[PDB]
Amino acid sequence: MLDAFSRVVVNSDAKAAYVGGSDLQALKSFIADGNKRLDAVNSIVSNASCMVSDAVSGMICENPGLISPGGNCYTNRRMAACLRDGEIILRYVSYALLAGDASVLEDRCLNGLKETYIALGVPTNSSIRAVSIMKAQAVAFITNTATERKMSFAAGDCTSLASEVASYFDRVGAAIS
């Protein structure tokens, strides 16, 4: 896996170039804003159970056929698998945010997943809606605008972190469509 820093290194290496001042201002900002990044990751992991639960329940209450017989969430075993997948996806998006790079998500979670869901008959459209709900939750937590819970932060702008985590959630749909 790569992180924000090794990403730049990979790009430089492609041109046999040293990383010097011009390329380093972005990583210098990455570092200067690093406490925000830690806080953003904290606001997600601290609410991860509720996120997954609420997102997968939200997928179902919007499409209640999912829990009819023959629905892909029908039986405890299937419901437990789906909840497990919800948490796995969140866990890898949370790695991507901590690292400032999508490669851990793409390489270890997303690669192979469409084929797998196709093989099992897991509906990729409902999967995308569960993921969109976790996106909505994640942005709320990172910007401390969740309706049912607030956390503690020194006041400041975390728009970029919220945008960035949304791009990671948007990767999951892209890979599985």
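Numbering starts at 1 and follows the sequence shown.
> Quick one: higher average CA temperature factor, 25 to 33 or 123 to 131?
Replying inline: Mean CA B-factor is higher for 25 to 33.
Going by the mean C-alpha B-factor recorded in the entry, which is higher: 107 to 115 or 52 to 60? That would be 107 to 115.
### CA B-factor placement of residue 10, once the chain's modelled residues are sorted into thirds
Lowest third - that is where residue 10 ends up once the chain's C-alpha B-factors are sorted.
Sort the modelled residues of this chain by their C-alpha B factor and say whether residue 153 lands in the lowest, middle or highest third. CA B-factor rank for residue 153: highest third.
**Request:** Using the B-factors in the PDB entry, rank residue 43's C-alpha atom against the chain and give the third, lowest, middle or highest.
**Result:** Lowest third, going by the recorded CA B-factors of the chain.
Should residue 67 be placed in the lowest, middle or highest third of its chain by the C-alpha B factor in the entry? As the PDB entry reports it, the C-alpha B-factor of residue 67 lands in the highest third of its chain.
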